[PDB]
Number of protein chains: 2
Amino acid sequence: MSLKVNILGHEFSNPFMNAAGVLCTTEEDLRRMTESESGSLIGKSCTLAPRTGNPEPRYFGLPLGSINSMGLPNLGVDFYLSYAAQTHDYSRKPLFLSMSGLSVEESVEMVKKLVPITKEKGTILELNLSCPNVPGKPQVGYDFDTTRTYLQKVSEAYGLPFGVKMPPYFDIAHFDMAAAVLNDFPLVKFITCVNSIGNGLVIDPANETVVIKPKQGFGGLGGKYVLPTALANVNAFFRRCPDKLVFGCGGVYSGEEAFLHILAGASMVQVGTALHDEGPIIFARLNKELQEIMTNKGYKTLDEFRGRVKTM
Amino acid sequence: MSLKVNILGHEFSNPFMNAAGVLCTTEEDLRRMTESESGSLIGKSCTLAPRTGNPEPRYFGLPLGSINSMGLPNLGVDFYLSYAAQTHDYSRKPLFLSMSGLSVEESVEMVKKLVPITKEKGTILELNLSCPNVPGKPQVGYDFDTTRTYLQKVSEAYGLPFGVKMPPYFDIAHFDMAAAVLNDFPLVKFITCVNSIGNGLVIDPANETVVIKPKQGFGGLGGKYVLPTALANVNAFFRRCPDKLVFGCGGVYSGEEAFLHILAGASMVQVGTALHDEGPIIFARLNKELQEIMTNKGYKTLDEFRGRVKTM
Ligand SMILES: Cc1cc2c(cc1C)N(C[C@H](O)[C@H](O)[C@H](O)COP(=O)(O)O)c1[nH]c(=O)[nH]c(=O)c1N2
Ligand SMILES: Cc1cc2c(cc1C)N(C[C@H](O)[C@H](O)[C@H](O)COP(=O)(O)O)c1[nH]c(=O)[nH]c(=O)c1N2
Ligand SMILES: O=S([O-])[O-]
Ligand SMILES: O=S([O-])[O-]
């Protein structure tokens, strides 16, 4: 039996990795992800210059998941590039970097710097088009003309296969429109579905007060809230973008959810809120739980069921 | 304490009503809603001609809520108009009708027929701009040009105060753009936030099959999944549309969720999934639970705390 995944020119020991933003901001974070049983890892969504992010409190754990408005705290693109070029142990597992420049001009500058490091080390880019927690910066993926510009300019500047972190869509017409844009960019080799369900609001009934400080309490939702949305997006793009991979992100707490993501079409499975809750030991648990389901169903590889969800 | 709501010249006993679609399709359904302890009720979103809706199975109750793709099964506009004109007991409570024509032309033809009945009986219109379960009909509310056309044509054709059932938004820019359109239409006196989180996907791990038949398993999500989204939408439009009321819909199972909706800005509070699960006896419980919270907090009326959620 094998959890192995062969994509983007690498063997991954298993399909599991962190969701961008979780356990991946500092060198220590990235060390712990590398030492974990995860198949891969991804660096915190970064900007050209460092950021400290939004004021506190900006994260609140919930019974059904999480709400956050972190505000893209990151050590700046040079930190993550240097991590990728010098620090990361590629013999352990491949490395992704998430990049979230807050303009096309910023993104172009950042990805340009990545080119030599991708060529030398094999570092993979996930372009973030969906951060919902930066004041005054709308989610790029909800504007298809803006999305087209980003993909055009990053395709030109970077010139190598890369992936995109998409916001969740909730409308068939939007799946169609998103896919039409994505399918015009052959360098987009993977689509990560999904980022947080944006701009939710949690209120404490006792003190009648919102639970996070930024944006009048409005924050991105993760965890159990998002699983059906995440599965839908995965499957919608799996079908609409057959020349691309899909990575699943959203609501994974166990082997069962991972199994569903993969059945829906996911090549890799990212873990955010649950990883925030449980720490990197979760990857060992997820590997075991997924294998148990496969054992019970008589599956020996992921390929026996990836993208084989049945309809009526 | 008093649960009363006084809007559009009517006295409502309490803020509670069914969400459009739940317990409101047939005469018997509407009788049961009228006989319940609810403050009001709304008829099933109707079309000019009857519809049988989508094939089966099209509804699935979930641990955390519901997924459906009913497909606007309805007895046609004449049935609901005739209910509103002849059958409904207005001494029990006021009546809303939801209308969901699948074209602006259809919606116009429908609302014109309602005009005499509103004038005579006080029947209130909720225009549905958000149904996510009709194949080939995207949610109007996610296209601001189309939304503007509907509001223009319905305002002109109906010529009386009405409300709109909006899809959930997940982006600050969309709140702004939606509000800008709504604020150009003075006859829009209330905004119901929110309709289902559109186009989620639930998969059964045992048989590796989606749980509903229409649209390859894609259906609207209700229940615990939607509470933070609903609260966010309620509060965003409460602040952006001061000339209008906001009605809350989404994730209400208890007086506590009702209290949060009202604290966020809601005038009426609609109950979908929980009502589908428990039956109309739920309304007796919700009144009791909200009364308890107000008593504990020393709130004499809903007006003392409506829209007074605290931020940091
Ligand atoms: C604390 C924290 C921080 C971030 C996030 C989440 C959380 C919880 N998310 C969203 C994340 O990548 C993921 O898409 C969602 O959390 C959904 O997955 P889960 O349901 O949480 O597993 C996120 N996404 C991204 O692309 N870049 C980022 O920097 C962040 N930051
Ligand atoms: C079976 C069923 C049928 C419908 C719905 C839901 C369900 C469960 N919903 C959506 C509903 O009005 C409501 O917006 C959502 O269900 C969210 O509220 P809850 O979280 O379920 O209370 C719905 N909404 C609407 O405006 N017109 C309709 O005809 C229907 N039909
Ligand atoms: O960094 S994001 O979570 O705001
Ligand atoms: O009628 S709606 O529930 O699809």
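Excluded from the calculations below are hydrogen atoms, water molecules and symmetry mates; all remaining heavy atoms, backbone and side chain alike, are included. Lettering of chains follows the sequences in order, A, B, ..., and the numbering in each one begins at 1.
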Looking at [options], which makes the most heavy-atom pairs under 4.5 Å with chain A?
{"options": "B:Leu62, B:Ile293, B:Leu231", "answer": "B:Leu231"}
{"options": "B:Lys297, B:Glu256, B:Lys224, B:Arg308", "answer": "B:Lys297"}
{"options": "B:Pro228, B:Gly200, B:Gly65", "answer": "B:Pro228"}
{"options": "B:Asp171, B:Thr229, B:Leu64, B:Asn296", "answer": "B:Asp171"}
{"options": "B:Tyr142, B:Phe305, B:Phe175", "answer": "B:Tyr142"}

Legend entry - Side-chain heavy atoms of A:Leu201 within contact of A:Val210, under 4.5 Å: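 Answer yes - side chains close enough.
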
Legend entry - Validation row: B:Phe170, A:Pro168 side chains within 4.5 angstrom (heavy atoms):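 They are not in contact (no side-chain heavy atoms under 4.5 Å apart), so the answer is no.
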
Legend entry - Nearest atoms (heavy-atom pairs only) where A:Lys165 meets A:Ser130: O-OG, 3.2 Å

Legend entry - Minimum-distance pair of heavy atoms, taken over all atoms of A:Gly251 and A:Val226: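 In this case the closest contact between A:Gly251 and A:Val226 is N-CG2, 3.6 Å.
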
Legend entry - Under 4.5 Å from any heavy atom of chain B - which part of A:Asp143: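 Neither part; nothing is under 4.5 Å.
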
Heavy-atom distances under 4.5 Å only: say whether [X] touches chain A with side chain, backbone, both or neither.
{"X": "B:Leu260", "value": "both"}
{"X": "B:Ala206", "value": "backbone"}
{"X": "B:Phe259", "value": "side chain"}
{"X": "B:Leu221", "value": "side chain"}
{"X": "B:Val211", "value": "backbone"}

Inset, instruction - Among the options A:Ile172, A:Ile67, A:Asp204, pick out the one with the most heavy-atom pairs lying under 4.5 Å from chain B. - result: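 Ranked by heavy-atom pairs under 4.5 Å with chain B, first place is A:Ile172.
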
Legend entry - Contact winner vs chain B - A:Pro132, A:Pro205, A:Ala230, heavy-atom pairs under 4.5 Å: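 The option with the most such pairs is A:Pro205.
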
Inset, instruction - Would you kindly say whether A:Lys215 and A:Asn199 are connected by a side-chain donor-acceptor distance under 3.5 Å? - result: yes

Legend entry - Side chains of A:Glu292 and A:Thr295, donor plus acceptor under 3.5 Å: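 On atom types as modelled, these side chains do not qualify, holding no pair under 3.5 Å.
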
Legend entry - Flag if over 12 foreign heavy atoms under 6.0 Å of NZ, B:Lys310: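 No - once you tally the heavy atoms of other residues, nucleotides and ligands closer than 6.0 Å, there are 12 at most.
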
Inset, instruction - Evaluate whether atom CE of A:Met177 has more than 12 neighbouring non-hydrogen atoms of other residues, nucleotides or ligands under 6.0 angstrom away. - result: yes

Inset, instruction - Before accepting this row, confirm whether a basic side-chain N of the pair A:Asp303/A:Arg306 lies closer than 4.0 Å to the acidic partner's carboxylate O. - result: yes

